[PDB]
Amino acid sequence: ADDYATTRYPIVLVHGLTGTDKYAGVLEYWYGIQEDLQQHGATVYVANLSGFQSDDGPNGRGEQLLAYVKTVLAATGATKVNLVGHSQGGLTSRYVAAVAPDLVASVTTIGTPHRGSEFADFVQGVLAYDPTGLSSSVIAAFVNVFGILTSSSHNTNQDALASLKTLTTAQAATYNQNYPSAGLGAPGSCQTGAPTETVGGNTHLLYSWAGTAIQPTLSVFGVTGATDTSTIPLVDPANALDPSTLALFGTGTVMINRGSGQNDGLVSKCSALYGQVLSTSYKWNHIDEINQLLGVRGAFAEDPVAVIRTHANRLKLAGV
Ligand SMILES: [Ca+2]
């Protein structure tokens with residue numbers, strides 16, 4: 001142990017889509033990340049939210065995280081928390097920072113779809129092929145059941161259609177109207193905002209980084225494709241050890257062909273820009289950013305545990 005990650009306020013890890021604090025009470029969302037930070041002096045709590053929901057609304061993940069933050073303050077005696085959200089967890093962290101800015105000292109987002117996901121637009125467009133709405137209805141039930149069975153608490157508050165609509169590029173822009181932040185650039189700029197914000201008399205430090213392993217490719221005859229820069233081509237063992245490696249390459253290719261640009265399989269670079277952009281050069285797919293699956297990543301992917309460990313030290317040096 002040491003003092004490398006000892007922050008002034010406790011760190012709250014906020015999971016994103018499909019997530020929980022521990023899948024089926026067996027698999028940690030933040031694989032081995034809580035243990036590493038505590039091994040370097042950090043006080044780390046892991047939120048358990050609805051894997052499928054909107055962030056606003058009484059049943060949304062935001063109120064769940066607001067209530068969970070309070071239980072962390074009452075257990076540590078601390079006044080504020082350092083919110084670190086991955087994927088939709090960054091959207092949930094922005095909600096808590098906007099409705100209770102006194103309880104938050106910083107907001108860090110990892111691969112967060114601040115402008116939505118082109119793959120969410122794709123999925124919603126595919127479901128529209130059945131005008132009866134029965135395909136969407138049956139698929140949502142099975143997805144909601146998936147969230148019930150994988151939630152460490154069997155959380156039955158699962159809304160797959162609200163979750164899908166929340167991550168669309170059109171609805172995420174409405175979310176940025178309802179919860180604007182100085183860390184966001186103008187809509188459609190592919191530019192970040194300010195490194196800090198002052199909301200309700202509290203100064204929040206805003207951070208973000210993104211994985212861009214899935215890159216657009218050249219093509220004569222004029223239709224784009226994709227390559228996975230995180231992996232040794234064709235033969236990288238992560239293709240076999242981690243099913244999400246090829247799965248996120250396919251979803252990312254669907255995003256490229258919809259005009260997303262470089263992405264991590266589900267969130268593009270422009271949609272992930274927030275506050276102080278520390279890096280968008282990580283050769284990571286969407287769950288490489290959380291050391292998944294079970295730590296397996298492509299031979300070109302950087303260590304995400306050390307990156308998160310360094311940021312905890314960065315929060316320690318920044319005074320929070
Ligand atoms: Ca991986």
# chains A, B, ... in the order shown; residues from 1 in each chain; ligands from 1

$ residues_around --residues "residue 183 of chain A" --least-positions-apart "6" --cutoff "10 Å" --atoms "only C-alpha atoms" --output "CSV table (one decimal) with N, CA and C atoms, in the first residue's frame"
chain,number,residue,atom,x,y,z
A,107,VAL,N,-15.9,15.7,-11.6
A,107,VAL,CA,-16.6,14.8,-12.5
A,107,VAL,C,-15.7,14.3,-13.6
A,191,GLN,N,-15.6,19.7,-30.0
A,191,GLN,CA,-14.7,20.4,-29.2
A,191,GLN,C,-15.2,20.3,-27.7
A,192,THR,N,-14.3,20.3,-26.8
A,192,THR,CA,-14.6,20.2,-25.4
A,192,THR,C,-14.8,21.7,-24.9
A,193,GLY,N,-15.3,21.8,-23.6
A,193,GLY,CA,-15.6,23.1,-23.0
A,193,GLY,C,-14.5,23.6,-22.1
A,194,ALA,N,-14.8,23.9,-20.9
A,194,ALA,CA,-13.9,24.4,-19.9
A,194,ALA,C,-13.4,23.3,-19.0
A,195,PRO,N,-12.2,23.4,-18.4
A,195,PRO,CA,-11.7,22.4,-17.5
A,195,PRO,C,-12.5,22.4,-16.2
A,196,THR,N,-13.0,23.5,-15.7
A,196,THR,CA,-13.7,23.5,-14.5
A,196,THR,C,-15.1,24.3,-14.6
A,197,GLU,N,-15.9,24.1,-13.7
A,197,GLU,CA,-17.2,24.8,-13.6
A,197,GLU,C,-17.5,25.3,-12.2
A,204,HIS,N,-16.3,22.6,-9.6
A,204,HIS,CA,-16.1,21.2,-10.0
A,204,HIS,C,-15.0,21.1,-11.0
A,205,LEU,N,-14.1,20.1,-10.8
A,205,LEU,CA,-13.1,19.8,-11.8
A,205,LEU,C,-13.6,18.8,-12.8
A,206,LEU,N,-13.6,19.1,-14.0
A,206,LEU,CA,-14.2,18.3,-15.1
A,206,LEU,C,-13.1,17.6,-15.9
A,207,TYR,N,-13.2,16.3,-16.1
A,207,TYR,CA,-12.2,15.5,-16.8
A,207,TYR,C,-12.9,14.5,-17.7
A,208,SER,N,-12.2,14.0,-18.7
A,208,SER,CA,-12.7,13.0,-19.6
A,208,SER,C,-11.5,12.4,-20.4
A,273,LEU,N,-16.0,14.0,-25.6
A,273,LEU,CA,-15.3,15.1,-25.2
A,273,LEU,C,-16.0,15.9,-24.1
A,274,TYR,N,-15.3,16.1,-22.9
A,274,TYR,CA,-15.9,16.7,-21.8
A,274,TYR,C,-14.8,17.3,-20.9
A,275,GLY,N,-15.0,18.5,-20.5
A,275,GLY,CA,-14.0,19.2,-19.5
A,275,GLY,C,-12.6,19.1,-20.1
A,276,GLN,N,-11.7,18.8,-19.2
A,276,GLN,CA,-10.3,18.6,-19.6
A,276,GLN,C,-10.1,17.2,-20.3
A,277,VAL,N,-10.0,17.2,-21.6
A,277,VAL,CA,-9.7,16.0,-22.3
A,277,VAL,C,-8.3,15.6,-22.1

$ residues_near_ligand --ligand "ligand 1" --cutoff "9 Å" --atoms "only C-alpha atoms and all ligand atoms" --output "list in words"
residues 238, 239, 241, 242, 243, 244, 245, 284, 285, 286, 287, 288, 289, 290, 291, 292, 293, 294, 295, 296, 297, 298 and 301 of chain A

$ write_last_selection --atoms "N, CA and C atoms" --output "compact mmCIF listing (two decimals), in the first residue's frame"
# COMPACT_ATOMS: atom_id res chain seq x y z
N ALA A 238 -6.85 -11.73 -27.83
CA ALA A 238 -8.02 -11.09 -27.24
C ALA A 238 -9.27 -11.32 -28.07
N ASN A 239 -9.12 -11.58 -29.37
CA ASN A 239 -10.29 -11.91 -30.19
C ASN A 239 -10.97 -13.18 -29.71
N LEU A 241 -10.16 -14.67 -26.38
CA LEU A 241 -10.33 -14.62 -24.94
C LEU A 241 -11.42 -13.65 -24.50
N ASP A 242 -11.72 -12.64 -25.31
CA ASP A 242 -12.71 -11.62 -24.97
C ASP A 242 -13.70 -11.50 -26.11
N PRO A 243 -14.91 -12.04 -25.96
CA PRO A 243 -15.90 -11.96 -27.06
C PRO A 243 -16.25 -10.54 -27.46
N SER A 244 -16.09 -9.57 -26.56
CA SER A 244 -16.46 -8.19 -26.88
C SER A 244 -15.48 -7.53 -27.84
N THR A 245 -14.29 -8.11 -28.03
CA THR A 245 -13.30 -7.49 -28.92
C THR A 245 -13.83 -7.41 -30.35
N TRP A 284 -8.36 1.57 -27.18
CA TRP A 284 -9.31 0.86 -26.34
C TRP A 284 -10.65 0.75 -27.05
N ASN A 285 -11.30 -0.40 -26.91
CA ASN A 285 -12.71 -0.50 -27.24
C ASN A 285 -13.50 -0.07 -26.00
N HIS A 286 -14.83 -0.22 -26.04
CA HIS A 286 -15.66 0.42 -25.03
C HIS A 286 -15.42 -0.15 -23.64
N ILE A 287 -15.19 -1.46 -23.52
CA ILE A 287 -14.99 -2.06 -22.21
C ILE A 287 -13.53 -2.37 -21.91
N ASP A 288 -12.62 -2.10 -22.85
CA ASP A 288 -11.21 -2.01 -22.49
C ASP A 288 -10.99 -0.92 -21.45
N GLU A 289 -11.85 0.10 -21.45
CA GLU A 289 -11.73 1.23 -20.54
C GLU A 289 -12.02 0.84 -19.09
N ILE A 290 -12.70 -0.27 -18.86
CA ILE A 290 -12.99 -0.75 -17.52
C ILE A 290 -12.27 -2.07 -17.23
N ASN A 291 -11.18 -2.35 -17.95
CA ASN A 291 -10.36 -3.54 -17.74
C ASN A 291 -11.17 -4.82 -17.95
N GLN A 292 -12.03 -4.82 -18.96
CA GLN A 292 -12.88 -5.95 -19.29
C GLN A 292 -12.58 -6.41 -20.72
N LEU A 293 -12.81 -7.69 -21.01
CA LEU A 293 -13.35 -8.67 -20.07
C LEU A 293 -12.25 -9.39 -19.29
N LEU A 294 -12.36 -9.35 -17.96
CA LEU A 294 -11.42 -10.02 -17.06
C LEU A 294 -9.98 -9.60 -17.35
N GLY A 295 -9.79 -8.32 -17.68
CA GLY A 295 -8.48 -7.78 -17.94
C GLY A 295 -7.94 -8.01 -19.34
N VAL A 296 -8.63 -8.80 -20.16
CA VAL A 296 -8.13 -9.11 -21.50
C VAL A 296 -8.30 -7.90 -22.40
N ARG A 297 -7.22 -7.50 -23.06
CA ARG A 297 -7.24 -6.41 -24.02
C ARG A 297 -6.26 -6.73 -25.14
N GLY A 298 -6.42 -6.03 -26.26
CA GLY A 298 -5.51 -6.23 -27.38
C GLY A 298 -4.08 -5.87 -27.02
N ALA A 301 -3.41 -2.26 -26.72
CA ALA A 301 -4.16 -1.48 -25.75
C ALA A 301 -3.31 -1.18 -24.52

$ closest_atom_pairs --of "segment 105-224 of chain A" --to "segment 44-67 of chain A" --cutoff "10 Å" --atoms "only C-alpha atoms" --output "tab-separated table"
residue	atom	partner	partner_atom	distance
A:140	CA	A:52	CA	9.9
A:143	CA	A:52	CA	8.5
A:144	CA	A:52	CA	7.2
A:146	CA	A:51	CA	9.3
A:147	CA	A:51	CA	6.0
A:148	CA	A:51	CA	8.7
A:150	CA	A:51	CA	9.0
A:151	CA	A:51	CA	7.6
A:152	CA	A:48	CA	7.8
A:153	CA	A:48	CA	8.3
A:154	CA	A:50	CA	9.8
A:155	CA	A:50	CA	6.7
A:156	CA	A:50	CA	8.1
A:157	CA	A:50	CA	6.2
A:158	CA	A:52	CA	5.0
A:159	CA	A:53	CA	4.9
A:160	CA	A:52	CA	5.0
A:161	CA	A:53	CA	7.9
A:162	CA	A:53	CA	5.5
A:163	CA	A:53	CA	4.4
A:164	CA	A:52	CA	8.0
A:165	CA	A:54	CA	8.1
A:166	CA	A:54	CA	5.6
A:167	CA	A:54	CA	8.5
A:175	CA	A:56	CA	8.4
A:178	CA	A:56	CA	9.4
A:179	CA	A:56	CA	9.5

$ write_last_selection --atoms "N, CA, C and O atoms" --output "mmCIF file, in the first residue's frame"
data_model
loop_
_atom_site.group_PDB
_atom_site.id
_atom_site.type_symbol
_atom_site.label_atom_id
_atom_site.label_comp_id
_atom_site.auth_asym_id
_atom_site.auth_seq_id
_atom_site.Cartn_x
_atom_site.Cartn_y
_atom_site.Cartn_z
ATOM 1 N N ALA A 140 -37.434 -5.678 -25.578
ATOM 2 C CA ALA A 140 -37.224 -4.920 -24.347
ATOM 3 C C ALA A 140 -37.442 -5.793 -23.118
ATOM 4 O O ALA A 140 -36.704 -5.683 -22.133
ATOM 5 N N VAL A 143 -34.405 -7.931 -22.663
ATOM 6 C CA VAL A 143 -33.278 -7.117 -22.220
ATOM 7 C C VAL A 143 -33.466 -6.696 -20.768
ATOM 8 O O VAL A 143 -32.519 -6.723 -19.973
ATOM 9 N N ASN A 144 -34.690 -6.309 -20.393
ATOM 10 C CA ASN A 144 -34.966 -5.971 -19.000
ATOM 11 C C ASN A 144 -34.741 -7.169 -18.087
ATOM 12 O O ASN A 144 -34.204 -7.026 -16.984
ATOM 13 N N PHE A 146 -32.630 -9.508 -18.645
ATOM 14 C CA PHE A 146 -31.179 -9.620 -18.544
ATOM 15 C C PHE A 146 -30.635 -8.725 -17.437
ATOM 16 O O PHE A 146 -29.753 -9.135 -16.674
ATOM 17 N N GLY A 147 -31.152 -7.498 -17.336
ATOM 18 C CA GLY A 147 -30.724 -6.608 -16.272
ATOM 19 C C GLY A 147 -31.144 -7.079 -14.896
ATOM 20 O O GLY A 147 -30.427 -6.858 -13.916
ATOM 21 N N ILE A 148 -32.302 -7.734 -14.798
ATOM 22 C CA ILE A 148 -32.760 -8.252 -13.513
ATOM 23 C C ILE A 148 -31.834 -9.361 -13.026
ATOM 24 O O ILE A 148 -31.434 -9.390 -11.857
ATOM 25 N N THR A 150 -28.689 -10.109 -13.950
ATOM 26 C CA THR A 150 -27.285 -9.759 -13.775
ATOM 27 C C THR A 150 -27.057 -8.731 -12.675
ATOM 28 O O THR A 150 -25.928 -8.611 -12.186
ATOM 29 N N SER A 151 -28.092 -7.990 -12.283
ATOM 30 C CA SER A 151 -27.956 -7.022 -11.201
ATOM 31 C C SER A 151 -27.640 -7.731 -9.890
ATOM 32 O O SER A 151 -28.304 -8.705 -9.521
ATOM 33 N N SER A 152 -26.620 -7.233 -9.184
ATOM 34 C CA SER A 152 -26.216 -7.833 -7.916
ATOM 35 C C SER A 152 -27.333 -7.816 -6.881
ATOM 36 O O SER A 152 -27.285 -8.592 -5.920
ATOM 37 N N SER A 153 -28.330 -6.952 -7.052
ATOM 38 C CA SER A 153 -29.470 -6.865 -6.150
ATOM 39 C C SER A 153 -30.776 -7.264 -6.825
ATOM 40 O O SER A 153 -31.850 -7.011 -6.269
ATOM 41 N N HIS A 154 -30.707 -7.882 -8.006
ATOM 42 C CA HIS A 154 -31.894 -8.239 -8.785
ATOM 43 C C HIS A 154 -32.787 -7.023 -9.010
ATOM 44 O O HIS A 154 -34.013 -7.094 -8.899
ATOM 45 N N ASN A 155 -32.155 -5.891 -9.325
ATOM 46 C CA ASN A 155 -32.858 -4.634 -9.546
ATOM 47 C C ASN A 155 -33.863 -4.775 -10.681
ATOM 48 O O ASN A 155 -33.481 -4.970 -11.840
ATOM 49 N N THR A 156 -35.150 -4.687 -10.354
ATOM 50 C CA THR A 156 -36.209 -4.827 -11.342
ATOM 51 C C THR A 156 -36.565 -3.514 -12.023
ATOM 52 O O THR A 156 -37.362 -3.519 -12.966
ATOM 53 N N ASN A 157 -35.993 -2.394 -11.580
ATOM 54 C CA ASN A 157 -36.194 -1.106 -12.243
ATOM 55 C C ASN A 157 -35.295 -1.061 -13.475
ATOM 56 O O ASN A 157 -34.226 -0.448 -13.491
ATOM 57 N N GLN A 158 -35.742 -1.736 -14.531
ATOM 58 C CA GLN A 158 -35.006 -1.802 -15.789
ATOM 59 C C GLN A 158 -35.931 -1.357 -16.911
ATOM 60 O O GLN A 158 -37.010 -1.931 -17.093
ATOM 61 N N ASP A 159 -35.514 -0.336 -17.658
ATOM 62 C CA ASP A 159 -36.295 0.219 -18.766
ATOM 63 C C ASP A 159 -35.376 0.257 -19.985
ATOM 64 O O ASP A 159 -34.629 1.219 -20.183
ATOM 65 N N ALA A 160 -35.439 -0.797 -20.802
ATOM 66 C CA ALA A 160 -34.524 -0.918 -21.933
ATOM 67 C C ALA A 160 -34.832 0.110 -23.014
ATOM 68 O O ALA A 160 -33.916 0.646 -23.648
ATOM 69 N N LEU A 161 -36.116 0.395 -23.243
ATOM 70 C CA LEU A 161 -36.482 1.356 -24.277
ATOM 71 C C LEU A 161 -36.134 2.780 -23.862
ATOM 72 O O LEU A 161 -35.697 3.584 -24.693
ATOM 73 N N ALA A 162 -36.324 3.118 -22.584
ATOM 74 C CA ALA A 162 -35.867 4.418 -22.108
ATOM 75 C C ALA A 162 -34.350 4.516 -22.185
ATOM 76 O O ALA A 162 -33.803 5.554 -22.575
ATOM 77 N N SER A 163 -33.655 3.433 -21.832
ATOM 78 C CA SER A 163 -32.200 3.410 -21.934
ATOM 79 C C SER A 163 -31.743 3.591 -23.375
ATOM 80 O O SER A 163 -30.792 4.334 -23.647
ATOM 81 N N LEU A 164 -32.410 2.913 -24.313
ATOM 82 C CA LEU A 164 -32.045 3.029 -25.720
ATOM 83 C C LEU A 164 -32.281 4.446 -26.230
ATOM 84 O O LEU A 164 -31.416 5.033 -26.892
ATOM 85 N N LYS A 165 -33.451 5.012 -25.927
ATOM 86 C CA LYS A 165 -33.757 6.369 -26.371
ATOM 87 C C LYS A 165 -32.824 7.389 -25.733
ATOM 88 O O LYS A 165 -32.450 8.371 -26.381
ATOM 89 N N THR A 166 -32.422 7.158 -24.481
ATOM 90 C CA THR A 166 -31.552 8.103 -23.783
ATOM 91 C C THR A 166 -30.214 8.259 -24.495
ATOM 92 O O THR A 166 -29.653 9.360 -24.547
ATOM 93 N N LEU A 167 -29.696 7.175 -25.063
ATOM 94 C CA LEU A 167 -28.372 7.182 -25.668
ATOM 95 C C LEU A 167 -28.390 7.547 -27.146
ATOM 96 O O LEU A 167 -27.324 7.572 -27.771
ATOM 97 N N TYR A 175 -30.898 16.147 -23.463
ATOM 98 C CA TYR A 175 -30.353 16.026 -22.115
ATOM 99 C C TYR A 175 -29.357 17.142 -21.827
ATOM 100 O O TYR A 175 -29.285 17.644 -20.698
ATOM 101 N N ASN A 178 -31.355 20.210 -20.946
ATOM 102 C CA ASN A 178 -31.922 20.172 -19.604
ATOM 103 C C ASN A 178 -30.845 20.267 -18.531
ATOM 104 O O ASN A 178 -31.115 20.758 -17.429
ATOM 105 N N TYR A 179 -29.631 19.804 -18.823
ATOM 106 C CA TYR A 179 -28.535 19.795 -17.850
ATOM 107 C C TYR A 179 -27.265 20.302 -18.515
ATOM 108 O O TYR A 179 -26.304 19.550 -18.715
#

$ residues_around --residues "segment 113-118 of chain A" --least-positions-apart "2" --cutoff "9 Å" --atoms "only C-alpha atoms" --output "tab-separated table (two decimals) with C-alpha atoms, in the first residue's frame"
chain	number	residue	atom	x	y	z
A	87	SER	CA	-20.13	5.22	-20.52
A	88	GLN	CA	-23.62	6.31	-19.37
A	90	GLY	CA	-20.65	9.99	-16.95
A	91	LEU	CA	-24.12	11.18	-17.92
A	111	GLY	CA	-16.04	6.89	-22.88
A	120	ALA	CA	-28.24	3.77	-30.43
A	121	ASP	CA	-29.67	5.52	-33.49
A	122	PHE	CA	-28.95	2.34	-35.47
A	123	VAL	CA	-30.69	0.07	-32.95
A	166	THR	CA	-31.55	8.10	-23.78
A	167	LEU	CA	-28.37	7.18	-25.67
A	168	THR	CA	-29.60	8.30	-29.10
A	169	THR	CA	-27.86	11.32	-30.59
A	170	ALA	CA	-31.12	13.30	-30.71
A	171	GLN	CA	-32.20	12.69	-27.11
A	172	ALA	CA	-28.70	13.26	-25.68
A	173	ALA	CA	-28.81	16.77	-27.14
A	175	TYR	CA	-30.35	16.03	-22.12
A	176	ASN	CA	-27.65	18.65	-22.66
A	184	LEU	CA	-19.29	20.79	-22.96
A	187	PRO	CA	-23.41	21.12	-30.03
A	188	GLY	CA	-21.83	19.81	-33.21
A	254	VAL	CA	-21.75	0.28	-38.01
A	255	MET	CA	-21.00	3.61	-36.32
A	256	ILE	CA	-18.28	4.50	-38.85
A	258	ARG	CA	-23.20	6.25	-40.08
A	259	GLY	CA	-20.61	9.05	-39.92
A	260	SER	CA	-19.40	8.69	-36.32
A	266	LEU	CA	-20.23	2.37	-28.93
A	267	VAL	CA	-19.11	5.98	-28.24
A	268	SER	CA	-17.36	8.22	-30.75
A	269	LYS	CA	-14.52	10.62	-29.99
A	270	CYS	CA	-16.63	13.76	-30.47
A	271	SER	CA	-19.39	12.48	-28.18
A	272	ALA	CA	-16.84	11.67	-25.46
A	273	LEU	CA	-15.25	15.15	-25.19
A	274	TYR	CA	-15.90	16.74	-21.79

$ select_by_dssp --residues "segment 120-283 of chain A" --states "helix (DSSP H, G or I)" --output "PyMOL selection string"
chain A and resi 120-127+134-150+160-166+169-178+238-241+243-256+270-272

$ write_last_selection --atoms "C-alpha atoms" --output "short mmCIF file (atom, residue, chain, number, x, y, z; two decimals), in the first residue's frame"
data_model
loop_
_atom_site.label_atom_id
_atom_site.label_comp_id
_atom_site.auth_asym_id
_atom_site.auth_seq_id
_atom_site.Cartn_x
_atom_site.Cartn_y
_atom_site.Cartn_z
CA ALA A 120 -28.24 3.77 -30.43
CA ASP A 121 -29.67 5.52 -33.49
CA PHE A 122 -28.95 2.34 -35.47
CA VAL A 123 -30.69 0.07 -32.95
CA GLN A 124 -33.72 2.36 -32.72
CA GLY A 125 -33.92 2.50 -36.51
CA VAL A 126 -33.81 -1.30 -36.80
CA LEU A 127 -36.65 -1.69 -34.28
CA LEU A 134 -44.18 -5.83 -30.88
CA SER A 135 -40.56 -6.55 -31.81
CA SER A 136 -39.44 -3.65 -29.62
CA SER A 137 -41.78 -4.84 -26.87
CA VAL A 138 -40.58 -8.45 -26.78
CA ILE A 139 -36.92 -7.46 -27.17
CA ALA A 140 -37.22 -4.92 -24.35
CA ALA A 141 -38.71 -7.55 -22.03
CA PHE A 142 -35.80 -9.94 -22.63
CA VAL A 143 -33.28 -7.12 -22.22
CA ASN A 144 -34.97 -5.97 -19.00
CA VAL A 145 -34.90 -9.57 -17.75
CA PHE A 146 -31.18 -9.62 -18.54
CA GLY A 147 -30.72 -6.61 -16.27
CA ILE A 148 -32.76 -8.25 -13.51
CA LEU A 149 -30.70 -11.46 -13.53
CA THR A 150 -27.28 -9.76 -13.77
CA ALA A 160 -34.52 -0.92 -21.93
CA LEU A 161 -36.48 1.36 -24.28
CA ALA A 162 -35.87 4.42 -22.11
CA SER A 163 -32.20 3.41 -21.93
CA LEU A 164 -32.04 3.03 -25.72
CA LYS A 165 -33.76 6.37 -26.37
CA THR A 166 -31.55 8.10 -23.78
CA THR A 169 -27.86 11.32 -30.59
CA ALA A 170 -31.12 13.30 -30.71
CA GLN A 171 -32.20 12.69 -27.11
CA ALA A 172 -28.70 13.26 -25.68
CA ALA A 173 -28.81 16.77 -27.14
CA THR A 174 -32.08 17.30 -25.26
CA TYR A 175 -30.35 16.03 -22.12
CA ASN A 176 -27.65 18.65 -22.66
CA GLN A 177 -30.37 21.30 -22.89
CA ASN A 178 -31.92 20.17 -19.60
CA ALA A 238 -8.02 -11.09 -27.24
CA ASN A 239 -10.29 -11.91 -30.19
CA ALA A 240 -10.73 -15.38 -28.66
CA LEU A 241 -10.33 -14.62 -24.94
CA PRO A 243 -15.90 -11.96 -27.06
CA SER A 244 -16.46 -8.19 -26.88
CA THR A 245 -13.30 -7.49 -28.92
CA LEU A 246 -14.86 -8.55 -32.23
CA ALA A 247 -18.36 -7.57 -31.09
CA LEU A 248 -17.29 -3.96 -30.49
CA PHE A 249 -15.42 -3.94 -33.80
CA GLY A 250 -18.66 -4.76 -35.61
CA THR A 251 -20.76 -2.22 -33.72
CA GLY A 252 -18.00 0.35 -34.24
CA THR A 253 -17.99 -0.37 -37.97
CA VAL A 254 -21.75 0.28 -38.01
CA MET A 255 -21.00 3.61 -36.32
CA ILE A 256 -18.28 4.50 -38.85
CA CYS A 270 -16.63 13.76 -30.47
CA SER A 271 -19.39 12.48 -28.18
CA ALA A 272 -16.84 11.67 -25.46
#

$ residues_around --residues "residue 4 of chain A" --least-positions-apart "6" --cutoff "7 Å" --atoms "only C-alpha atoms" --output "number ranges by chain"
A: 40-41, 313

$ write_last_selection --atoms "N, CA, C and O atoms" --output "PDB file, in the first residue's frame"
ATOM      1  N   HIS A  40      -3.565   1.728  -3.281  1.00  0.00           N
ATOM      2  CA  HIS A  40      -2.735   2.919  -3.393  1.00  0.00           C
ATOM      3  C   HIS A  40      -3.304   4.090  -2.599  1.00  0.00           C
ATOM      4  O   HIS A  40      -2.943   5.243  -2.854  1.00  0.00           O
ATOM      5  N   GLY A  41      -4.184   3.815  -1.637  1.00  0.00           N
ATOM      6  CA  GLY A  41      -4.608   4.800  -0.663  1.00  0.00           C
ATOM      7  C   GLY A  41      -5.964   5.428  -0.895  1.00  0.00           C
ATOM      8  O   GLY A  41      -6.351   6.315  -0.125  1.00  0.00           O
ATOM      9  N   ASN A 313      -4.290   9.855  -8.593  1.00  0.00           N
ATOM     10  CA  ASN A 313      -3.190  10.705  -8.154  1.00  0.00           C
ATOM     11  C   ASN A 313      -3.350  12.123  -8.689  1.00  0.00           C
ATOM     12  O   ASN A 313      -3.006  13.093  -8.004  1.00  0.00           O
TER      13      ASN A 313
END

$ residues_around --residues "residue 35 of chain A" --least-positions-apart "3" --cutoff "12 Å" --atoms "only C-alpha atoms" --output "MDAnalysis selection string"
chainID A and resid 1 5 28 30:32 38:46 305 308:309

$ closest_residue --among "A:317, A:181, A:228, A:112" --to "residue 280 of chain A" --atoms "only C-alpha atoms"
A:112
